[PDB]
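Inspection log for the structure reproduced underneath, given as structure tokens.
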Amino acid sequence: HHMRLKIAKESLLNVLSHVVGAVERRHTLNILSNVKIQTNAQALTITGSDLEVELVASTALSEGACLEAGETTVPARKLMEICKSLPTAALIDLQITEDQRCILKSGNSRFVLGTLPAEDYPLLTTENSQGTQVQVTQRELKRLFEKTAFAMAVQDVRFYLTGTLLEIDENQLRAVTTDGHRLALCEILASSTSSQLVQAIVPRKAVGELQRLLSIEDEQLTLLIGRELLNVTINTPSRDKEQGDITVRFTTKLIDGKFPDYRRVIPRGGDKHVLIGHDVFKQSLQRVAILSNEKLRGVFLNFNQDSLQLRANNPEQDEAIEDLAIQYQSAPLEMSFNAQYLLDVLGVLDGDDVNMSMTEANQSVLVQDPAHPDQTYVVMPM
Amino acid sequence: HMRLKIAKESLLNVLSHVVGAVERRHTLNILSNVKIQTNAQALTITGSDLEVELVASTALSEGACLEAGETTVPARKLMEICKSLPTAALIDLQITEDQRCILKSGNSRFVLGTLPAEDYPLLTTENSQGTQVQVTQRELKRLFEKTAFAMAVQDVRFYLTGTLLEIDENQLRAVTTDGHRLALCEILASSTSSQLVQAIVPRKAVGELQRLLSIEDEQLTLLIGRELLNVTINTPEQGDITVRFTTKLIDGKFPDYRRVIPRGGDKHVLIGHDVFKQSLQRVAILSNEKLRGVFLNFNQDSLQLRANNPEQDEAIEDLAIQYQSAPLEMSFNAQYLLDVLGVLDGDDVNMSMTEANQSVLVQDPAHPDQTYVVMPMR
């Protein structure tokens, strides 16, 4: 019949917090701006999606929480705001009427929102089958994205550039990202059945959502990677007085393309190798950059034996020059890089030293951390 | 030429005070630079946009000043360059004949383009003068916090975009208005001259002044003239820095604010501050996004807040208040009432009104020095 539910502010908001990151402020399909809420005596399920990424969060309800079972759709952003505005430990009474109106009462406050029918809410149907399953911990998966999120393109004509390639091969999961000017790669240990490689290009919004959901803990996760979709169920531990655990089901349409062979892009020529202290390199580039071109941000790195010179100048003829101590005994080379790209990779590296492998000025550069061989970064020249 | 050897922090502290006045782009290009003067005893840096002028001075250690001179250096760049250096670094400034400023710290060398110190324009002049006012930094700063929000952001009536400093016999007063609301605050301040004087201080001037002033009880002498307002502030550990602040006043006639405030309110309501702020915020969620309009209905012993939007969503909240006067219904911009609440530090809030189509006086019993007026909608 018609849904009615009485629950604590924190309980409702907590489940909602996990799903409303997927909801778009305005969407071509009007109903997707709303969250779908379904309740019965034992559990409350909330769904949020934009048809590319879908999140379903559910929790075990309290004894008297569901007065009347039912399902409906409520404007997600408003409801979330309404809940946060209530005082701590408040109790909300939700009522859905025959005319499509959702009535929220808490304390002396009375709110009324417009609802839309729950069966009009679109779900990501799984028309394919026989997907690949990968076993990986949350930390390992979260790490893959943290070390490669930056090089992804924000918006572009070519779609696969905007996503993260997730590849499974020989008991190791890999994440690869590129915008055409740089590349990031991270590899971790995962368990899977397939002997052959499987590839999934995960859209940028989905990657962000997953990053928020994952934790540092080593809880095992099972990823189902199909030709058209990627599925993962995560159990978030909700620790509150008498609060049930929240289970979130993540579904995302994979980007339809074929990612470029990343291995061919990675330089293994390695003629010249340099090792530099991470702090010195980071600090020096920031200094030199101040006088580089404002949008372009290009600086010149001149490599000489055991000494790196950073040089930058702008249109106003201002110049910055600094000398750094580096572990380099090979031939001389001067290159120019978009500073920010170097600074971006440095943010990703947790080790004390930084190593670069170079061949020629025109050619690309390979950057890494000796301590962590799992991460590999490439930066092209100007 | 000018040469100077100064610690990173010493140079940085001086620049930080003055950089707020500098503009990213200015019609006169030189004002994007900061003017630097040095001699054996002191360092003086000036930042200005020709509406507000800041001059920061410090006592230089002997021998820091290798050569005395003056010049102008791009302020934003200099500021960033100094921040990028390591802690406790030593900077060597050098000005060459070809207008290049060479700055060397550690292993890094920086070169900026300079412009003639001669060209740099100054607001002040020898015959500037001014009627003195004695006021504490804490009190002056307080005056600005209380009335700053109600100034108009942009308006043809240029006077509206500034705070009016008015001096009464025993106190200094700050008044701001944008047409839809008004803020007023009074603080005791000594007056040597005992003549009413009005100064309309520009919005940027007020912001700069708020940043520089501190919450301590240090007396200040404020010079107020027909065209400028001047005050020397010694800032409250990096030695000691004195800043000379000068501003071009808005040459206009501020409206008679006393007419605008209404003392005739018959209908009076007292509401808990926290309750009112929370309630208003809750109901405002479901109000028009651009307009932010909420309805306040006054009934015996209760306050009803109601808001709706185009999607016909509705929020209603009831507040228990002691009101036994005739029922009144009014429409207000939620932001205007919330803004007033932000500057009220007291536990209760007093509202006095006459009719639905007329203004409302808002006050905090604990602090009678502050008075606010909000004009209703429709």
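With ideal geometry, Cβ positions are generated from the backbone for all residues, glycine too; neighbour counts draw on all protein chains shown. Each reported figure results from applying straightforward, stated rules to the coordinates on display, with no laboratory input.
Please tell me the relative contact order of region A:267-382 in percent, rounded to the nearest whole number, where contacts are Cα pairs under 8 Å and at least six residues apart.
Relative contact order of region A:267-382: 29 percent.
Would you list B:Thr125, B:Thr176 from fewest to most Cβ contacts within 10 Å?
In order of increasing Cβ crowding within 10 Å: B:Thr125, B:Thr176.
Enumerate the whole-percent occupancy of each 20 Å bin, from 0 to the last occupied one, for all C-alpha pair distances of chain A.
25, 43, 26, 5
Using the structure shown, select from A:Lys295/B:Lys77; B:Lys8/B:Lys204; B:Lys8/B:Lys248 the pairs with a Cα to Cα distance greater than 26 angstrom.
B:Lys8/B:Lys204; B:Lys8/B:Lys248
Near the amide H of A:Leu308, under 5 Å away, which other amide H atoms are found, from residues 5 or more places off or on another chain, if H is placed in the peptide plane?
A:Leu324, A:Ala325, A:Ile326
Using the charge dipole of chain B (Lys, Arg: +1 at Cβ; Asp, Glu: -1 at Cβ; taken about the Cα centre), state which of B:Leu328, B:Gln132, B:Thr96 has its Cα farthest towards the positive end.
Result: B:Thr96.
Run the helix sum for chain A: -39,500 (n - 2.57) per DSSP H stretch of 4+ residues, divided by residue count, reported at 222 nm to the nearest 500 deg cm²/dmol.
Details: 7 runs with 64 residues, N = 382.
Value at 222 nm, helices only: -5000 deg cm²/dmol.
Mind ordering A:216-223, A:323-330 by average Cβ neighbours within 10 Å, highest first?
Final packing ranking: A:323-330, A:216-223.
Given an 8 Å cut-off on Cα distances and at least 6 residues of separation, report the relative contact order of region A:1-125 as a percent. Spell out each step's value before the answer.
On the way: 273 pairs, mean separation 38.6, N = 125.
Reported as a whole number, the value is 31 percent.
Restricting to DSSP loop positions (anything but H, G, I, E, B) with no more than 15 other Cβ atoms inside 10 Å of their own Cβ, which GluC sites (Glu not before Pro) remain in region A:297-346?
A:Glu316
Which distance in Å, rounded to a whole number, links the C-alpha centroids of region A:67-83 and region A:25-59?
Their Cα centres are 10 Å away from one another.
Dipole of region A:267-382, Cα-centred, from +1 at each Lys and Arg C-beta and -1 at each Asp and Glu C-beta, to the nearest 20 debye?
That gives region A:267-382 a dipole magnitude of about 260 debye.
Just need the relative contact order of region A:126-266 here, percent rounded to a whole number, with Cα pairs under 8 Å and 6+ apart.
Relative contact order here is 28 percent.
Using the alpha carbons of region A:267-382, what is the convex hull volume per residue in cubic angstrom, as a whole number? Show your work: numbers first, answer last.
On the way: hull volume 10.5 nm³, N = 116.
Measuring per residue, one finds 91 Å³ for the Cα hull of region A:267-382.
Taking square-rooted eigenvalues a ≥ b ≥ c of the alpha carbon gyration tensor, is the protein assembly as shown rounded, prolate or oblate, where a/c under 1.5 means rounded and, failing that, a/b exceeding b/c means prolate?
It is oblate, given that a/c is not under 1.5 and a/b is not larger than b/c.
Of the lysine pairs in region A:126-266, how many meet both conditions: Cα atoms under 23 Å apart, and a spacing of 8 or more in sequence or different chains?
Value for region A:126-266: 7.
Rounded to whole Hz and in sequence order, give me ³J(HN,Hα) for region A:365-382 from the Karplus expression 6.51 cos²θ - 1.76 cosθ + 1.60, θ = phi - 60°, writing x for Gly and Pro.
10, 10, 10, 7, 10, x, 4, 10, x, 4, 9, 9, 10, 10, 10, 7, x, 9
Using the C-alpha gyration tensor of region A:126-266, what are the square roots of 5 times its eigenvalues, in whole angstrom, with the largest one first?
Calculated on Cα positions only, the semi-axes equal 25, 17, 15 Å.
Across peptide A:310-323, how many C-beta atoms of other chains are within 10 Å of each residue C-beta, on average?
Partner Cβ neighbours, averaged per residue: 4.
Exposure proxy check: A:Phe111, B:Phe144 ranked by fewest other beta carbons within 10 Å?
Arranged by neighbour count, lowest to highest, A:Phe111, B:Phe144 become B:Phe144, A:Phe111.
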